[PDB]
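A.B. asks: My structure is stored as structure.cif, with mmCIF, C-alpha atoms and all ligand atoms.
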data_final
#
loop_
_atom_site.label_atom_id
_atom_site.label_comp_id
_atom_site.auth_asym_id
_atom_site.auth_seq_id
_atom_site.Cartn_x
_atom_site.Cartn_y
_atom_site.Cartn_z
CA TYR A 1 19.03 229.40 -149.50
CA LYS A 2 16.15 226.98 -148.93
CA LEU A 3 14.92 224.67 -151.64
CA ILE A 4 11.50 223.46 -150.51
CA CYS A 5 10.06 220.60 -152.55
CA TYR A 6 6.61 219.03 -152.45
CA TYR A 7 5.94 215.34 -152.98
CA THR A 8 2.26 214.35 -153.50
CA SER A 9 0.93 211.06 -152.06
CA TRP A 10 -1.35 210.45 -155.02
CA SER A 11 1.46 210.32 -157.53
CA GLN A 12 2.10 206.77 -156.50
CA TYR A 13 -0.90 205.67 -158.43
CA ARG A 14 -0.04 206.94 -161.88
CA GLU A 15 0.30 204.44 -164.57
CA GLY A 16 3.68 203.01 -165.53
CA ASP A 17 6.52 205.47 -165.51
CA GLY A 18 4.19 208.08 -164.01
CA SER A 19 4.16 206.20 -160.68
CA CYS A 20 6.32 208.12 -158.10
CA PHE A 21 7.18 206.87 -154.60
CA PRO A 22 9.38 208.82 -152.17
CA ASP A 23 12.47 206.62 -152.75
CA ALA A 24 12.61 208.24 -156.28
CA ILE A 25 13.60 211.49 -154.50
CA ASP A 26 17.28 212.39 -154.50
CA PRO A 27 18.14 212.96 -150.88
CA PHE A 28 20.51 215.80 -151.67
CA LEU A 29 18.30 217.64 -154.21
CA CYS A 30 16.20 219.78 -151.77
CA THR A 31 16.78 221.23 -148.30
CA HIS A 32 13.20 220.46 -147.28
CA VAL A 33 10.72 217.93 -148.69
CA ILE A 34 7.04 218.45 -147.86
CA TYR A 35 4.74 215.43 -148.04
CA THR A 36 1.27 216.36 -149.19
CA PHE A 37 -1.44 216.00 -147.82
CA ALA A 38 -2.58 214.99 -144.42
CA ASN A 39 -6.20 214.77 -143.44
CA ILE A 40 -7.94 216.29 -140.42
CA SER A 41 -10.36 213.89 -138.80
CA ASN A 42 -12.05 214.25 -135.35
CA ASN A 43 -10.23 217.63 -135.34
CA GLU A 44 -6.85 215.90 -135.25
CA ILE A 45 -4.16 215.52 -137.93
CA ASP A 46 -4.39 212.16 -139.65
CA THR A 47 -3.23 210.13 -142.60
CA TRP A 48 -5.01 210.27 -146.00
CA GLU A 49 -3.85 207.37 -148.26
CA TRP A 50 -4.14 203.79 -147.07
CA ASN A 51 -0.34 203.43 -147.09
CA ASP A 52 0.69 206.84 -145.77
CA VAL A 53 2.49 205.33 -142.72
CA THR A 54 4.57 203.36 -145.14
CA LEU A 55 5.35 206.21 -147.52
CA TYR A 56 6.08 208.53 -144.59
CA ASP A 57 8.70 205.94 -143.57
CA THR A 58 10.10 205.72 -147.14
CA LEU A 59 10.42 209.58 -147.17
CA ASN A 60 11.99 209.79 -143.73
CA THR A 61 14.48 206.93 -144.70
CA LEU A 62 16.01 209.62 -147.15
CA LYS A 63 17.57 211.16 -143.99
CA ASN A 64 19.78 208.07 -143.56
CA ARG A 65 21.61 209.22 -146.68
CA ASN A 66 21.22 213.00 -146.06
CA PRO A 67 20.89 213.57 -142.31
CA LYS A 68 20.53 217.30 -142.84
CA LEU A 69 17.43 216.94 -144.96
CA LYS A 70 14.27 218.31 -143.27
CA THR A 71 10.81 216.90 -143.83
CA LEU A 72 7.41 218.50 -143.28
CA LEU A 73 3.87 217.17 -143.49
CA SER A 74 1.37 219.52 -145.25
CA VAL A 75 -2.19 219.56 -144.01
CA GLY A 76 -5.04 220.54 -146.23
CA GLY A 77 -4.90 220.89 -150.02
CA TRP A 78 -7.87 221.18 -152.45
CA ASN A 79 -9.39 217.75 -151.74
CA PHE A 80 -9.81 218.72 -148.10
CA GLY A 81 -12.43 221.60 -148.52
CA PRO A 82 -11.41 225.20 -147.18
CA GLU A 83 -14.71 224.97 -145.26
CA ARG A 84 -13.18 222.19 -143.16
CA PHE A 85 -10.34 224.44 -142.09
CA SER A 86 -12.59 227.25 -141.47
CA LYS A 87 -14.73 225.18 -138.88
CA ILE A 88 -11.58 224.09 -137.08
CA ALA A 89 -9.85 227.47 -136.94
CA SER A 90 -12.87 229.51 -135.99
CA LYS A 91 -13.51 227.92 -132.65
CA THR A 92 -11.11 228.03 -129.60
CA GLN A 93 -11.84 224.34 -128.75
CA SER A 94 -11.38 222.77 -132.12
CA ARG A 95 -8.33 224.82 -132.83
CA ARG A 96 -6.77 223.63 -129.54
CA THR A 97 -7.63 220.02 -130.25
CA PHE A 98 -6.01 220.18 -133.64
CA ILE A 99 -2.94 221.99 -132.46
CA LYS A 100 -2.39 219.54 -129.55
CA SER A 101 -2.60 216.60 -131.95
CA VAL A 102 0.09 217.83 -134.31
CA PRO A 103 3.44 217.37 -132.47
CA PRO A 104 2.93 213.73 -131.36
CA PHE A 105 1.82 212.72 -134.82
CA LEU A 106 4.83 214.45 -136.48
CA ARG A 107 7.22 212.89 -134.00
CA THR A 108 5.80 209.43 -134.42
CA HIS A 109 6.20 209.66 -138.20
CA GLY A 110 9.61 211.34 -138.26
CA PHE A 111 8.65 214.75 -139.54
CA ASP A 112 10.52 217.94 -138.73
CA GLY A 113 7.54 220.25 -139.08
CA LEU A 114 4.11 221.11 -140.32
CA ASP A 115 3.02 222.99 -143.44
CA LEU A 116 -0.36 224.67 -143.56
CA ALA A 117 -2.00 224.49 -146.98
CA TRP A 118 -5.41 226.00 -146.42
CA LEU A 119 -6.67 226.68 -149.94
CA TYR A 120 -7.84 229.37 -149.22
CA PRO A 121 -8.91 231.51 -146.25
CA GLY A 122 -11.75 233.91 -146.81
CA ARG A 123 -12.48 237.26 -145.39
CA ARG A 124 -14.21 235.71 -142.36
CA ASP A 125 -11.13 233.42 -141.79
CA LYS A 126 -8.30 236.00 -141.74
CA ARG A 127 -8.26 236.54 -137.96
CA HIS A 128 -8.61 232.79 -137.29
CA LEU A 129 -5.69 231.89 -139.54
CA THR A 130 -3.64 234.38 -137.52
CA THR A 131 -4.70 232.70 -134.28
CA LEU A 132 -4.05 229.21 -135.69
CA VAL A 133 -0.52 230.12 -136.81
CA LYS A 134 0.37 231.92 -133.56
CA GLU A 135 -1.06 229.17 -131.33
CA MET A 136 0.51 226.33 -133.38
CA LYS A 137 3.89 228.03 -133.13
CA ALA A 138 3.41 228.49 -129.40
CA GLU A 139 2.70 224.72 -129.06
CA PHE A 140 5.89 223.96 -131.10
CA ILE A 141 7.86 226.19 -128.75
CA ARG A 142 6.51 224.27 -125.72
CA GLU A 143 7.14 220.85 -127.26
CA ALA A 144 10.79 221.76 -127.96
CA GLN A 145 11.37 221.89 -124.16
CA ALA A 146 11.20 218.03 -124.06
CA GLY A 147 14.57 218.04 -125.83
CA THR A 148 14.15 217.49 -129.54
CA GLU A 149 14.87 220.21 -132.08
CA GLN A 150 11.84 222.50 -132.41
CA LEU A 151 9.29 221.66 -135.10
CA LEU A 152 9.15 223.89 -138.08
CA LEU A 153 6.01 225.74 -139.16
CA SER A 154 5.34 226.82 -142.72
CA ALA A 155 2.44 227.80 -144.90
CA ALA A 156 1.61 227.77 -148.59
CA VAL A 157 0.03 231.19 -149.36
CA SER A 158 -1.84 232.51 -152.36
CA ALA A 159 0.11 234.74 -154.72
CA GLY A 160 -2.99 236.51 -155.98
CA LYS A 161 -3.44 240.00 -154.66
CA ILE A 162 -7.18 239.81 -154.11
CA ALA A 163 -6.83 236.43 -152.32
CA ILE A 164 -4.00 237.80 -150.20
CA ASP A 165 -5.99 240.86 -149.15
CA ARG A 166 -9.16 238.78 -148.42
CA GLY A 167 -7.59 235.99 -146.38
CA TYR A 168 -4.20 236.70 -144.73
CA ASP A 169 -2.72 238.95 -142.15
CA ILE A 170 0.74 238.75 -143.68
CA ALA A 171 2.52 241.03 -141.15
CA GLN A 172 1.29 238.86 -138.28
CA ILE A 173 1.62 235.33 -139.66
CA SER A 174 5.11 236.15 -141.00
CA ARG A 175 6.30 236.61 -137.37
CA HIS A 176 5.43 233.05 -136.41
CA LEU A 177 6.06 231.12 -139.59
CA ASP A 178 9.55 229.77 -140.31
CA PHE A 179 8.89 230.27 -144.07
CA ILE A 180 6.03 231.24 -146.35
CA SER A 181 5.86 229.50 -149.73
CA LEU A 182 4.33 231.80 -152.24
CA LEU A 183 2.09 229.99 -154.83
CA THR A 184 3.44 232.06 -157.76
CA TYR A 185 2.06 229.81 -160.50
CA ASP A 186 -1.75 230.34 -160.56
CA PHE A 187 -1.91 233.56 -162.50
CA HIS A 188 -4.16 232.65 -165.47
CA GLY A 189 -7.75 233.29 -164.57
CA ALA A 190 -10.19 230.13 -164.89
CA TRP A 191 -12.58 232.62 -166.60
CA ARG A 192 -10.42 233.60 -169.48
CA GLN A 193 -11.28 232.43 -172.91
CA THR A 194 -7.81 233.01 -174.27
CA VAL A 195 -4.49 231.32 -173.82
CA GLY A 196 -2.12 232.79 -171.22
CA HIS A 197 0.64 232.00 -168.85
CA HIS A 198 0.04 230.95 -165.25
CA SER A 199 3.57 231.56 -163.97
CA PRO A 200 4.96 234.78 -165.61
CA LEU A 201 7.67 236.55 -163.68
CA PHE A 202 6.61 240.07 -165.03
CA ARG A 203 3.56 241.48 -166.74
CA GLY A 204 2.87 241.07 -170.41
CA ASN A 205 2.79 244.04 -172.82
CA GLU A 206 -0.86 243.55 -174.02
CA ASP A 207 -3.90 243.42 -171.64
CA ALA A 208 -2.20 241.46 -168.79
CA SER A 209 -5.39 240.30 -166.73
CA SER A 210 -3.89 242.38 -164.02
CA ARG A 212 -0.43 244.34 -163.60
CA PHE A 213 -0.96 242.07 -160.52
CA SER A 214 -0.96 238.58 -162.03
CA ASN A 215 2.72 237.92 -162.03
CA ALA A 216 5.39 236.62 -159.59
CA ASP A 217 7.23 239.94 -159.33
CA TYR A 218 4.05 241.71 -158.23
CA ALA A 219 3.34 239.02 -155.63
CA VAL A 220 6.83 239.12 -154.13
CA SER A 221 6.83 242.92 -153.98
CA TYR A 222 3.40 242.96 -152.40
CA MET A 223 4.29 240.40 -149.68
CA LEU A 224 7.38 242.51 -148.83
CA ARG A 225 5.26 245.59 -148.67
CA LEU A 226 2.75 243.87 -146.43
CA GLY A 227 5.57 243.06 -144.03
CA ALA A 228 6.76 239.56 -144.82
CA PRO A 229 10.53 239.78 -144.24
CA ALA A 230 12.48 238.66 -147.32
CA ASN A 231 14.15 236.00 -145.22
CA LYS A 232 10.76 234.37 -144.50
CA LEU A 233 9.64 234.31 -148.23
CA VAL A 234 10.10 231.45 -150.55
CA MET A 235 9.07 231.84 -154.24
CA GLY A 236 7.10 228.97 -155.82
CA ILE A 237 8.18 227.58 -159.17
CA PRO A 238 6.13 224.92 -160.96
CA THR A 239 7.33 221.79 -162.62
CA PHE A 240 3.99 221.25 -164.29
CA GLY A 241 2.45 223.31 -167.14
CA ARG A 242 -1.06 224.24 -168.08
CA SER A 243 -2.78 223.42 -171.31
CA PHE A 244 -5.55 224.67 -173.51
CA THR A 245 -7.52 223.47 -176.56
CA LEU A 246 -7.33 226.19 -179.19
CA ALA A 247 -10.46 227.45 -180.79
CA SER A 248 -8.70 228.69 -184.00
CA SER A 249 -5.39 228.46 -185.85
CA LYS A 250 -4.17 231.40 -183.89
CA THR A 251 -1.45 230.70 -181.19
CA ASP A 252 0.05 233.90 -179.95
CA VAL A 253 -1.07 236.41 -177.46
CA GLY A 254 -4.85 236.48 -177.01
CA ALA A 255 -5.49 233.26 -179.05
CA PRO A 256 -9.02 232.05 -178.26
CA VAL A 257 -9.53 228.71 -176.54
CA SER A 258 -12.43 226.33 -176.28
CA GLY A 259 -11.38 224.88 -172.97
CA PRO A 260 -8.56 223.16 -171.22
CA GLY A 261 -6.06 220.94 -173.10
CA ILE A 262 -6.49 217.18 -173.34
CA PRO A 263 -5.19 215.23 -170.44
CA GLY A 264 -1.69 213.91 -170.22
CA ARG A 265 -1.22 210.19 -170.56
CA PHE A 266 0.24 209.90 -167.12
CA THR A 267 -1.30 212.74 -165.06
CA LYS A 268 -4.78 212.24 -166.56
CA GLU A 269 -6.15 215.72 -165.70
CA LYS A 270 -7.49 218.09 -168.37
CA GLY A 271 -5.60 221.40 -168.32
CA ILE A 272 -2.40 220.20 -166.67
CA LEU A 273 0.73 218.37 -167.76
CA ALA A 274 3.74 217.17 -165.84
CA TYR A 275 7.13 218.41 -167.13
CA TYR A 276 8.09 214.97 -168.23
CA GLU A 277 4.89 214.94 -170.32
CA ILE A 278 5.74 218.38 -171.75
CA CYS A 279 9.21 217.12 -172.71
CA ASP A 280 7.58 214.59 -174.87
CA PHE A 281 4.93 217.04 -176.14
CA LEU A 282 7.75 219.23 -177.46
CA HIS A 283 8.58 216.73 -180.16
CA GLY A 284 6.91 218.18 -183.16
CA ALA A 285 5.84 221.31 -181.29
CA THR A 286 6.61 224.96 -182.01
CA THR A 287 8.23 226.76 -179.12
CA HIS A 288 7.86 230.42 -178.21
CA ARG A 289 8.76 232.64 -175.32
CA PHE A 290 6.86 235.50 -173.87
CA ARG A 291 9.71 238.07 -173.94
CA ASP A 292 8.57 240.36 -171.19
CA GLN A 293 6.90 237.63 -169.00
CA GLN A 294 10.15 235.58 -169.35
CA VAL A 295 8.48 232.19 -169.59
CA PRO A 296 7.85 229.77 -172.57
CA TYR A 297 4.88 228.23 -174.32
CA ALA A 298 4.55 225.55 -176.97
CA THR A 299 1.94 224.47 -179.40
CA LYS A 300 1.05 221.63 -181.83
CA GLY A 301 -2.27 220.57 -183.42
CA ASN A 302 -4.98 222.32 -181.42
CA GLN A 303 -3.02 222.09 -178.17
CA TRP A 304 -1.25 224.98 -176.43
CA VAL A 305 0.86 224.62 -173.32
CA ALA A 306 2.29 227.30 -170.95
CA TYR A 307 5.18 225.83 -169.04
CA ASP A 308 8.51 226.39 -167.28
CA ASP A 309 11.81 225.08 -168.64
CA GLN A 310 15.37 225.02 -167.43
CA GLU A 311 15.91 228.54 -168.66
CA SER A 312 12.84 229.93 -166.99
CA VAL A 313 13.34 228.30 -163.66
CA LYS A 314 16.99 229.46 -163.66
CA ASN A 315 15.76 232.93 -164.35
CA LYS A 316 13.27 232.77 -161.47
CA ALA A 317 16.04 231.52 -159.12
CA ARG A 318 18.33 234.39 -160.10
CA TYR A 319 15.38 236.81 -159.42
CA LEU A 320 14.60 235.45 -156.04
CA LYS A 321 18.29 235.64 -154.98
CA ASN A 322 18.44 239.22 -156.27
CA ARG A 323 15.46 240.07 -154.00
CA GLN A 324 17.29 238.35 -151.10
CA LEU A 325 14.50 235.88 -150.56
CA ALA A 326 14.86 232.84 -148.39
CA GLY A 327 14.78 230.49 -151.37
CA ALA A 328 12.61 228.58 -153.80
CA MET A 329 9.66 226.19 -153.54
CA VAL A 330 8.95 223.55 -156.20
CA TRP A 331 5.52 222.05 -156.94
CA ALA A 332 6.13 219.12 -157.32
CA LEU A 333 8.89 216.50 -157.43
CA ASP A 334 6.56 213.91 -159.01
CA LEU A 335 5.90 216.31 -161.88
CA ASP A 336 9.54 217.06 -162.69
CA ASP A 337 11.32 214.41 -164.85
CA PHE A 338 12.11 212.44 -161.74
CA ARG A 339 13.11 209.40 -163.78
CA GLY A 340 15.46 211.40 -166.01
CA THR A 341 14.34 209.53 -169.12
CA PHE A 342 11.83 211.95 -170.84
CA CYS A 343 13.71 215.20 -171.43
CA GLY A 344 16.69 214.07 -173.48
CA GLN A 345 19.34 214.71 -170.94
CA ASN A 346 19.69 211.53 -168.89
CA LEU A 347 19.52 213.77 -165.77
CA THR A 348 17.01 213.24 -162.95
CA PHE A 349 14.93 216.20 -161.76
CA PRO A 350 16.10 218.58 -164.50
CA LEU A 351 13.96 221.52 -163.33
CA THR A 352 14.56 221.21 -159.61
CA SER A 353 18.25 220.55 -160.23
CA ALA A 354 18.52 223.74 -162.34
CA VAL A 355 17.02 225.74 -159.47
CA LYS A 356 19.45 224.11 -157.03
CA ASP A 357 22.41 224.84 -159.16
CA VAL A 358 21.57 228.55 -159.43
CA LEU A 359 20.88 228.85 -155.71
CA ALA A 360 24.47 227.70 -155.14
CA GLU A 361 26.03 230.21 -157.48
CA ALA A 362 27.62 233.71 -156.30
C1 LIG B 401 -10.72 212.50 -143.73
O1 LIG B 401 -11.29 212.87 -142.52
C2 LIG B 401 -12.74 212.97 -142.75
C3 LIG B 401 -13.08 213.83 -141.54
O2 LIG B 401 -13.20 212.79 -140.69
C4 LIG B 401 -13.23 211.57 -143.09
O3 LIG B 401 -14.68 211.60 -143.22
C5 LIG B 401 -12.59 210.95 -144.35
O4 LIG B 401 -12.84 209.48 -144.39
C6 LIG B 401 -11.05 211.14 -144.21
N1 LIG B 401 -10.54 211.06 -145.58
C7 LIG B 401 -9.67 210.20 -145.90
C8 LIG B 401 -9.22 210.25 -147.37
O5 LIG B 401 -9.27 209.43 -144.97
#
As a first step, turn the structure in this file into structure tokens.
Ligand SMILES: *[C@@H]1O[C@H](CO)[C@@H](O)[C@H](O)[C@H]1NC(C)=O

C.D. replies:
Amino acid sequence: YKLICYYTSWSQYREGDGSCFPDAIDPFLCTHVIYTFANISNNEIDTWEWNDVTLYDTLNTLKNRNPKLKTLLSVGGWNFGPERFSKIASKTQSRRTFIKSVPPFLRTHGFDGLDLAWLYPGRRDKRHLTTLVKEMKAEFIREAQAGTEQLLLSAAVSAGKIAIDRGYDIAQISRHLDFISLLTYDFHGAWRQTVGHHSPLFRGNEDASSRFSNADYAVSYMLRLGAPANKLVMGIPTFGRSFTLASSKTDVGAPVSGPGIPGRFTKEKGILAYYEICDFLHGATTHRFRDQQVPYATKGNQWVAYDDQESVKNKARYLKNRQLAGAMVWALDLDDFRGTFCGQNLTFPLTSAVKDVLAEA
């Protein structure tokens, strides 16, 4: 099985124990670590942070200890606007320029591949994404002739049915990609004025937003669209999402006034790192959504949907049962990478739980 793990370049800047550099990553934890994100500038791949050449080197130094570890560099993300990808992918010349720039940059920096994280392709982009993936793979095939093991090509793909339908030709891009990481953790609509879970494995009993807004639906639908199971990797979050409650109510359908207050370390309303949730749980009441198979917790006016060791184990057992290629974790810097917040003196408790289940049989 593959265990694909993202590291984000901006996590370095978090205050105190929040700060995460790539030497905090256990070299044997994941099969693949993806550094996120690269820029695109003058239609060529490029660095983003001031110190990315340094941190790329710190990541790639992990392979001294684990020579089998593979690294990838992800291009795009939400700070890069989808419109920027669109402009590059939609024209033969800019697409070629970009694609030609990729292998030398990856080689120089010690990466084993490229991950595409276009968030997200529209209706007008679908055919261009197909061309970009096909043509980038073709360039990786040519570059391999100069003697070094062929670069890997992956993509991070929406897990929302409407987004999938609008933007991706899954049957075609699956042929050329080495794996597809399914973003099975953005299932609570931005529009909703109630609490809910963003990463449920199955639908809830009572007005799920769709029958579609759950990991099981997403996996099934990618298989049905022609993604072979051995190309599909299911995403599992190490962060949770938070809400400010509008009333004393906390169970299904509880109204909310907006996102939850930011975490001390991650400083972003509506999201909390797992290590922050560990701490939040002190004094919190914990609940599970029985049919969705994922937990939430509440205290004061704050309500948090999250994933725990149990839930991520459960998701790993599911994905093996569906004979998928493995798991993807977003993100190492949001798991308890220091080991010191979650009461177990164990680094990477979520990601490690996933690993441990992938090895079972
Ligand atoms: C990213 O590339 C754009 C396109 O050139 C550029 O304007 C911007 O300075 C670059 N962003 C960063 C964070 O380097």

A.B. asks: Return the single residue from A:223, A:38, A:33, A:216 that is closest to ligand LIG 401 (chain B), with distances computed using only C-alpha atoms and all ligand atoms.

C.D. replies: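 Smallest separation from ligand LIG 401 (chain B) among the options: A:38.
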
A.B. asks: Contacts of residue 219 of chain A at 9 Å or less, counting all atoms listed in the file, minus same-chain residues fewer than 4 places along, as a list in words?

C.D. replies: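 So, after excluding close chain neighbours, the residues are residues 158, 159, 160, 161, 182, 184, 213, 214, 215, 223 and 224 of chain A.
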
A.B. asks: Grab me every residue within 7 Å of ligand LIG 401 (chain B), counting all atoms listed in the file, and send it over as a list in words.

C.D. replies: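 Written in the requested form, the residues are residues 39, 40, 41, 42, 47, 48 and 49 of chain A.
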
A.B. asks: Go ahead and save the picked residues with C-alpha atoms, as a CSV table (one decimal), in the frame of the given file.

C.D. replies:
chain,number,residue,atom,x,y,z
A,39,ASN,CA,-6.2,214.8,-143.4
A,40,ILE,CA,-7.9,216.3,-140.4
A,41,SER,CA,-10.4,213.9,-138.8
A,42,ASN,CA,-12.0,214.2,-135.4
A,47,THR,CA,-3.2,210.1,-142.6
A,48,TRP,CA,-5.0,210.3,-146.0
A,49,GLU,CA,-3.8,207.4,-148.3

A.B. asks: Which residue, A:220, A:195, A:45, A:233, has the smallest gap to residue 248 of chain A when you use all atoms listed in the file?

C.D. replies: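 Among the listed residues, A:195 lies closest to residue 248 of chain A.
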
A.B. asks: Neighbouring residues of segment 107-120 of chain A were defined as those with any atom within 6 Å, considering only C-alpha atoms; residues of the same chain fewer than 5 positions away were excluded. Please report them as a ChimeraX atom specification.

C.D. replies: /A:70-77,82,151-156

A.B. asks: A:137, A:32, A:356, A:100: which is nearest residue 181 of chain A, counting all atoms listed in the file?

C.D. replies: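 For residue 181 of chain A, the nearest of the candidates is A:32.
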
A.B. asks: Excluding residue 337 of chain A and its own-chain neighbours fewer than 2 positions away, which residues fall within 10 Å of it when counting all atoms listed in the file? Please give them as an MDAnalysis selection string.

C.D. replies: chainID A and resid 18 239 274:279 333:335 339:343 346:352

A.B. asks: Between A:355, A:320, A:262, A:253, single out the one closest to residue 29 of chain A, counting only C-alpha atoms.

C.D. replies: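 For residue 29 of chain A, the nearest of the given residues is A:355.
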
A.B. asks: Please provide the set of residues having any atom within 12 Å of segment 185-190 of chain A, restricted to all atoms listed in the file, with same-chain residues fewer than 2 positions apart removed, written as number ranges by chain.

C.D. replies: A: 157-163, 181-183, 192-204, 208-210, 212-219, 235-244, 257, 259-260, 271-272, 293, 295, 306-308, 313, 316, 329-332

A.B. asks: Output as a tab-separated table (two decimals), keeping the file's coordinate frame: segment 314-336 of chain A, completed with N, CA and C atoms.

C.D. replies:
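Written out: selection.tsv:
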chain	number	residue	atom	x	y	z
A	314	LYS	N	15.70	228.78	-163.97
A	314	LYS	CA	16.99	229.46	-163.66
A	314	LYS	C	16.78	230.94	-163.47
A	315	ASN	N	16.05	231.50	-164.42
A	315	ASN	CA	15.76	232.93	-164.35
A	315	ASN	C	15.02	233.36	-163.09
A	316	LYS	N	14.04	232.57	-162.72
A	316	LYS	CA	13.27	232.77	-161.47
A	316	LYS	C	14.15	232.63	-160.24
A	317	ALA	N	15.08	231.65	-160.27
A	317	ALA	CA	16.04	231.52	-159.12
A	317	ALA	C	16.94	232.68	-159.06
A	318	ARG	N	17.49	233.27	-160.16
A	318	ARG	CA	18.33	234.39	-160.10
A	318	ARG	C	17.52	235.63	-159.51
A	319	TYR	N	16.23	235.67	-159.94
A	319	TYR	CA	15.38	236.81	-159.42
A	319	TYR	C	15.24	236.77	-157.94
A	320	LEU	N	14.93	235.57	-157.45
A	320	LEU	CA	14.60	235.45	-156.04
A	320	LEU	C	15.90	235.73	-155.20
A	321	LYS	N	17.08	235.34	-155.71
A	321	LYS	CA	18.29	235.64	-154.98
A	321	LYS	C	18.53	237.17	-155.00
A	322	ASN	N	18.31	237.79	-156.15
A	322	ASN	CA	18.44	239.22	-156.27
A	322	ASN	C	17.54	240.08	-155.27
A	323	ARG	N	16.37	239.49	-155.00
A	323	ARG	CA	15.46	240.07	-154.00
A	323	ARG	C	15.75	239.59	-152.59
A	324	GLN	N	16.86	238.83	-152.42
A	324	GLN	CA	17.29	238.35	-151.10
A	324	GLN	C	16.23	237.54	-150.40
A	325	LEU	N	15.46	236.77	-151.14
A	325	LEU	CA	14.50	235.88	-150.56
A	325	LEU	C	15.12	234.67	-149.92
A	326	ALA	N	14.34	234.01	-149.09
A	326	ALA	CA	14.86	232.84	-148.39
A	326	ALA	C	15.13	231.65	-149.27
A	327	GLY	N	14.57	231.58	-150.46
A	327	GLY	CA	14.78	230.49	-151.37
A	327	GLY	C	13.62	230.26	-152.28
A	328	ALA	N	13.58	229.04	-152.80
A	328	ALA	CA	12.61	228.58	-153.80
A	328	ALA	C	11.76	227.43	-153.30
A	329	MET	N	10.55	227.34	-153.76
A	329	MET	CA	9.66	226.19	-153.54
A	329	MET	C	9.28	225.59	-154.87
A	330	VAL	N	9.31	224.27	-154.97
A	330	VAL	CA	8.95	223.55	-156.20
A	330	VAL	C	7.70	222.70	-155.98
A	331	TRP	N	6.71	222.90	-156.85
A	331	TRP	CA	5.52	222.05	-156.94
A	331	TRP	C	5.55	221.42	-158.25
A	332	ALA	N	5.90	220.12	-158.36
A	332	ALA	CA	6.13	219.12	-157.32
A	332	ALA	C	7.19	218.15	-157.89
A	333	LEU	N	7.87	217.45	-156.97
A	333	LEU	CA	8.89	216.50	-157.43
A	333	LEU	C	8.35	215.47	-158.36
A	334	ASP	N	7.13	214.98	-158.15
A	334	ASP	CA	6.56	213.91	-159.01
A	334	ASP	C	6.13	214.40	-160.37
A	335	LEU	N	6.18	215.70	-160.60
A	335	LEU	CA	5.90	216.31	-161.88
A	335	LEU	C	7.11	216.79	-162.63
A	336	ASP	N	8.28	216.85	-161.97
A	336	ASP	CA	9.54	217.06	-162.69
A	336	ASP	C	9.82	215.71	-163.34
